[PDB]
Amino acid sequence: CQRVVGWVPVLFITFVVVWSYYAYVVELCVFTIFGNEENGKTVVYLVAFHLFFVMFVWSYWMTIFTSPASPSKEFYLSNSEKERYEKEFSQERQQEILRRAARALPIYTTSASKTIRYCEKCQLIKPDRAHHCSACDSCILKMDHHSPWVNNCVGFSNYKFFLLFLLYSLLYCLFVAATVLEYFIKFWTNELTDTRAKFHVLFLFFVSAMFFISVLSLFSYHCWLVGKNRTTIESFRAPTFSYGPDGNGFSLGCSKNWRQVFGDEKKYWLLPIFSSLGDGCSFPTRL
């Protein structure tokens, strides 16, 4: 169905994280770190590791199973407008049917040719920052991009969950890499030579370091998108307003831009609980 093959990237990430939990706790902390009796380190890593581990898997879970938000029923063509639009043959006259409907909706953007943004498949008038996804077969409010590593679209409901998933990916990889670093050296100078545990300790430092540098660019890109209040699509095709194209049409200042996604309640900023302001169908404009 193509759905099944879509669950392959998440199974890979699941096994790599499951392997990292067994490798970091069993092979590294119990066999290696506890094997040389260094006072006060085995416990302080296990409590900190579990703390990073739960935040990583909880944010990753939310990004996967948080269904993407769709436009409300107000943006769908009524039976009167959907009929006349389907039967109208002149492209000029069918545009007026969409334009009159757009006056009753909070729509401030148009196509590149000054055309009312309309989705022929869903038979609805696309709201601002909303785009149709051929994988999800639905319009996604404030669609950022379809992330294949979570088998879901990153939209208005997912965005803050996706960003935290990146951040906790960085800290989980940074913590593992920085803590395994001191013991990755000892197996090479041959202070330790455990045949049963050497192989697991090495990959931890390489897999965590190769994933750290990978998502780090992905994390820096979105820190710059959020400050500018742009989605991944808007960075490549800026939305067109009445006064022309403007890639900063939705910007409200770097401080207020972040709060549009994270909210004003500070107790939900770092937790993967929906705290994004607004409804996803309409967004404050700069002008």
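The first residue of the shown sequence is 1; numbering continues from there.
Select between 103 to 111 and 212 to 220 the stretch whose C-alpha atoms have the higher average B-factor in the entry.
That would be 103 to 111.
197 to 205 set against 167 to 175, stretch whose average Cα temperature factor tops the other in the entry:
Mean C-alpha B-factor is greater for 197 to 205.
Once the chain's modelled residues are ordered by C-alpha B factor and cut into thirds, is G40 in the lowest, middle or highest one?
Ranked within chain, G40 CA B lands in the highest tercile.
With respect to C-alpha B-factor, does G249 fall in the lowest, middle or highest third of the chain as deposited?
For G249, the deposited C-alpha B-factor lands in the highest third.
Taking the entry's C-alpha B-factors for this chain, is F34 in the lowest, middle or highest third?
Its C-alpha B-factor belongs to the middle third of this chain's values.
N151, C-alpha B-factor rank within chain (lowest, middle or highest third)
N151: CA B-factor falls in the middle third of its chain.
Compared with the other modelled residues in the chain, in which third is the CA B-factor of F15?
It belongs to the highest third of the chain when residues are ordered by C-alpha B-factor.
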